[PDB]
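Read the single chain below, which is given as structure tokens and is the form deposited in one PDB entry.
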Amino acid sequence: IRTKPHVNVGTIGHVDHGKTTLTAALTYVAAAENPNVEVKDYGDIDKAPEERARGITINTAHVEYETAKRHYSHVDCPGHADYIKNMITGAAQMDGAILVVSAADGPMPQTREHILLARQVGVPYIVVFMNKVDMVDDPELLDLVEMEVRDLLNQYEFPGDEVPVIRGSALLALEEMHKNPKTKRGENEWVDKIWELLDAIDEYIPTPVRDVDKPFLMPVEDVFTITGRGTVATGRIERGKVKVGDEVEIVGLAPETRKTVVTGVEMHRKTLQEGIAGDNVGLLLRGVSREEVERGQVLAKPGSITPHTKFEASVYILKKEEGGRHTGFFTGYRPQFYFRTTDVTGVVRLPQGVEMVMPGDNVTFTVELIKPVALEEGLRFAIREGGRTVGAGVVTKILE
């Protein structure tokens, strides 16, 4: 149901500091208007039996909403160390984010780690939201805990002292949107900190510009059997657009390029004609159950960039100084490689010249994924092995 500017964002921060809560406080604060802005409550997201059981976001969750000017595609990341993988993924099919941060616990393990991941994953812009303020009173402490986030956002090459420290409270401002569902701006002093936070979004993040000029390509971000029909693959398409009924294909993880039909093309549960650039679309397909498509492949019309096992690439191994490894490695190294959606382990086989790649080193070499994948010379990709990120690089070529 076409209309406004669909930008991509999200919340990423330590565990239990607020990512998940300050989310409804968007599907309410800016929902207190537009019939578009719907009912995205807390326990709403954390649908998972376990999630709500443990009390933490494990599984990635995304709940849209629109200010006035721009429409948004805001994703909610988990904070537990155990689940960065998921977290990572998200921050990949987005651009620019809200650094959820406890104003009562200062920075923390994930605080860093996440920003760092951001830094690593290259993310565009960030804006703090010094939250849980209400728990904090002593001012010498509220200032004192902004001087550390600037400090930190610096350390990880970032606007540091240039960034917005929208001190606020995700809960109080959400206990309001609950009482008075349609409270508007300039009404609640808590539903105000929120706006300042958006007046920083619209204010910090510039644009979600792209291009739908090159074929079907859906970085399959998700899959489910939606009762009564076939199955849908949610996932912010990079470059394509899908008018239901398009003979398609899945290019990746699965053996051969599976073909089916887009006879199902929703979007935010609100059917669209043919989703476009960066729009987190969501289509069904005729003849491809879940058993026919998993997070990872690239739903791509017959003929879009092919699947590969081998290939070549220009890589930059981060120094330990950048969270990379501290010991070089040589051929036989099998670190999983990340390609937008999924991640697959590949067996590095250094060039017939180099002998031992080292931290800091910037090099070239071959790879041989344990599975198949959508490759294209220039297709920049990331590398992480046991515990952390090691180096970034591009697909300099292809071999099979």
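So that the term is clear: the rigid core is the largest set of C-alpha atoms that superpose within 1.5 Å between two forms. The first residue of the shown sequence is 1; numbering continues from there.
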property: 224-232 set against 149-157, stretch whose average Cα temperature factor tops the other in the entry; result: 224-232
property: 72-80 versus 236-244 - which carries the larger mean C-alpha B factor in the record; result: 236-244
property: Which of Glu294, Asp105, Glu321, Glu140 ranks first by CA B-factor in the deposited coordinates; result: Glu140
property: Identity of residue with top Cα B-factor, from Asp343, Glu368, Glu50, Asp44; result: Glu50
property: Where the record places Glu38 (Cα B-factor, split into thirds across the chain); result: highest
property: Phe129 by Cα B-factor - lowest, middle or highest third of the modelled chain; result: middle
property: Chain third (lowest, middle, highest) by recorded CA B-factor, residue given as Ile250; result: highest
property: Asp361 - which third its CA temperature factor falls in, relative to the rest of the chain; result: lowest
property: B-factor third for the C-alpha atom of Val136 within its chain; result: middle
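Absent from the display: the form deposited in another entry. The rest refers to it.
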{"property": "Answer among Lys85, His80, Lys320, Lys184 for the CA shift between this form and the one not shown that reaches 2 Å or more, rigid core superposed", "result": "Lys320"}
{"property": "Yes/no, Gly18 Cα shift of 2 Å or more between this form and the one not shown with rigid core fixed", "result": "no"}
{"property": "CA of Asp143, rigid core aligned, shift of 2 Å or more between this form and the one not shown", "result": "no"}
{"property": "Shift of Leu152 between this form and the one not shown at or above 2 Å (CA, core fit)", "result": "no"}
